[PDB]
Number of protein chains: 2
Amino acid sequence: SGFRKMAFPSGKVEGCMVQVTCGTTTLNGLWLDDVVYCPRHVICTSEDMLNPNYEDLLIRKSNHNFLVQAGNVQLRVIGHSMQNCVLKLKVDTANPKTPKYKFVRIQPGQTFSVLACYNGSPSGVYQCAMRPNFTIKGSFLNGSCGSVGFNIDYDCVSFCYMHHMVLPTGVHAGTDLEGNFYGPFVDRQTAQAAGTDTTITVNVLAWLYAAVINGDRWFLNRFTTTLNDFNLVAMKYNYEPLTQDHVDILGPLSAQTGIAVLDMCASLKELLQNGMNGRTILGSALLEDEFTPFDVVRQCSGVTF
Amino acid sequence: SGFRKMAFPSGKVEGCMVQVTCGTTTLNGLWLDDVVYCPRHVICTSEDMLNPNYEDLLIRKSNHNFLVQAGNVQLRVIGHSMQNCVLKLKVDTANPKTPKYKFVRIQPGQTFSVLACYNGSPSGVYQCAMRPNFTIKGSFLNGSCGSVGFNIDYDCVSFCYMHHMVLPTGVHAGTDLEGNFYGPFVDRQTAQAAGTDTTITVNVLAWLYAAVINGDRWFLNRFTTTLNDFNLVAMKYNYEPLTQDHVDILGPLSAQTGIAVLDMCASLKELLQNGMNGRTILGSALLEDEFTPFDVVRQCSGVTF
């Protein structure tokens with residue numbers, strides 16, 4: 001009963017969060033086995049950030065220039081490395097709090113939990129989506145940098161995101177845990193175009209299914225539609241095109257609710273065309289696109305870890 | 001930058017969550033030092049739930065009738081007790097994962113984090129508010145019962161909520177950790193009136209301050225107003241009355257933004273009167289009342305634990 005934006009439990013990530021200080025710069029790092037991961041821009045002065053040569057900057061640094069704190073512990077570095085936009089600090093001590101973990105590159109539209117940190121200390125947890133334009137709309141103050149995004153499958157934390165940048169426009173960009181940026185972004189203080197964001201059509205449909213499951217059904221129309229005709233309306237309202245992969249992924253919600261995907265699509269179209277008339281769906285006056293069909297199923301079936 | 005519904009990090013509560021099975025009934029329990037806390041209705045059959053005599057039901061039970069699991073561990077009970085609507089199971093093993101903790105009874109309008117669990121296993125975390133009518137709008141499937149709400153001040157987890165009931169109306173009710181219900185509710189399957197909910201006026205104002213801080217200022221009107229005149233409009237729109245305690249609590253947001261509380265109140269009134277004209281504030285087309293002035297300050301100043 002009820003439907004909330006729900007984060008994964010954060011304990012297994014909390015015990016991996018370290019404070020990283022190189023020269024003056026201090027931000028969050030991820031301590032897994034014998035390696036601390038952090039944004040490579042920790043080696044930058046505000047002046048460096050304007051036009052950084054990371055290769056050159058990293059050279060004027062050695063192992064002993066990096067202060068990695070875990071609470072009141074102080075760790076020791078024995079091998080530093082730059083993988084794309086992440087700094088890998090090889091330390092002597094394996095994190096005894098290290099969970100089963102993988103690094104994953106997620107797709108636009110997918111969701112993850114962010115454990116937001118300041119000085120390697122957890123402040124809070126929230127759910128977000130990789131936007132279609134590879135930004136995220138998060139909550140990040142100075143020093144939040146190196147905060148990580150993750151999913152939990154079973155026993156296994158899947159790290160998918162590290163926060164690097166706020167864009168002049170207020171939205172966020174960062175990397176996978178191999179330090180490849182999501183999107184066209186670079187770790188440099190220069191104007192960077194996010195580009196046109198679209199609504200994650202498959203997520204809005206997931207959420208409409210969620211609404212039906214929790215008794216919110218006012219928007220089910222007698223009409224139906226076709227994929228081509230729906231995608232005509234979708235393109236007008238900067239909704240991502242819907243594919244058969246999308247219809248397939250919604251199959252189980254279709255089966256639980258007895259509502260054909262294309263029927264739900266005809267409901268969505270009327271909503272895109274007529275707006276909401278000032279009514280609400282699951283407490284919201286706008287169409288929500290930050291739940292996956294997987295998230296909706298997890299919350300509705302009570303999956304645990 | 002940005003503004004998200006943010007939960008407290010959940011690790012310190014995760015290692016306190018146990019599975020409680022009496023007879024057939026299984027739900028979540030809170031293992032602190034040598035005591036497991038759970039809804040006393042775990043001793044009820046679906047039939048019992050209609051008209052339970054808890055005193056009598058608890059008597060046909062003894063220590064060895066209660067199966068408390070922590071993961072794959074199995075705990076042993078040496079003293080059972082009923083405090084109001086909570087069952088206290090005295091076990092032999094102190095939880096070595098026990099944080100610094102207090103039990104607090106929170107006030108209507110205050111927020112907390114819920115760690116939602118099924119079979120004593122964490123599934124997810126989310127932020128909610130005690131509604132003015134002492135319900136909560138959460139996400140709780142069967143077996144979620146005994147899921148706890150909490151705040152973290154510094155090192156210290158403040159437990160304020162245990163989930164007991166879904167009401168026929170889909171909203172949730174439960175207790176403090178001394179087992180006193182929030183609101184008029186009883187742990188019995190009978191029709192129970194929540195009563196009229198109001199909007200938490202002080203929280204909506206907090207959130208308007210949050211919006212100003214993140215550059216969302218379209219709603220600041222040239223007008224101002226008075227407390228009496230504002231509370232006239234408030235009562236019309238089932239907003240809680242605003243008191244001088246409320247104005248005082250907003251003082252620091254007033255000072256950070258250079259916007260007098262009563263001025264922000266005049267903005268709120270125009271919004272209550274004219275609606276939103278289809279515009280949004282911090283991504284929302286409705287007025288948000290589940291952030292406290294404290295939450296807004298914590299997210300905007302980057303407080304950690």
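FYI, side chains are in, hydrogens and waters are out, and symmetry mates aren't considered; it's all heavy atoms of this structure. Chain identifiers are assigned alphabetically (A, B, ...) following the order of the sequence lines, protein sequences preceding nucleic acid strands; residue numbering begins at 1 within each chain.
When every heavy atom of B/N238 is checked against every heavy atom of B/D197, the shortest pair comes out as CB-O, 4.2 Å. Residue A/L27 comes nearest to A/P39 through the heavy atom pair CD1-CD, 3.9 Å, listed as atom of the first residue, atom of the second, then distance. When all heavy atoms of B/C38 and B/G29 are compared, the pair lying nearest together is CB-CA, 4.2 Å.
Contact annotation for B/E14: only side-chain heavy atoms (C-beta onward) come within less than 4.5 Å of a heavy atom of chain A. Only the backbone of A/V303 has a heavy atom closer than 4.5 Å to any heavy atom of chain B. Residue B/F3 touches chain A through its backbone alone, counting heavy-atom pairs closer than 4.5 Å. Contact annotation for B/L141: both backbone and side-chain heavy atoms come within less than 4.5 Å of a heavy atom of chain A. Contacts between B/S284 and chain A at a heavy-atom distance below 4.5 Å involve the backbone alone (N, CA, C, O). In this structure, chain B has heavy atoms under 4.5 Å from both the backbone and the side chain of A/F305.
Salt bridge annotation for B/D153-B/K100: absent, with no cationic side-chain nitrogen under 4.0 angstrom from a carboxylate oxygen. Salt bridge status for A/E290 with B/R4: present, with a side-chain N to carboxylate O gap under 4.0 Å.
Among A/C300, A/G124, A/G275, the residue with the largest count of heavy-atom pairs under 4.5 Å with chain B is A/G124. Contacts with chain A were tallied for B/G143, B/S139, B/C117, B/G278; B/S139 has the most, counting heavy-atom pairs under 4.5 Å. Among B/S301, B/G283, B/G138, the residue with the largest count of heavy-atom pairs under 4.5 Å with chain A is B/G138. Taking B/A7, B/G11, B/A285, B/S121 one by one and counting their heavy-atom pairs under 4.5 Å with chain A, the maximum is reached by B/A7.
Rounding to the nearest 0.5 Å gives a distance of 8.5 Å between SG of A/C156 and NZ of A/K12.
Under the ring-ring contact (aromatic ring centres under 6.0 Å, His included) rule, B/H163 has a single partner from B/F112, B/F140, B/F185, which is B/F140.
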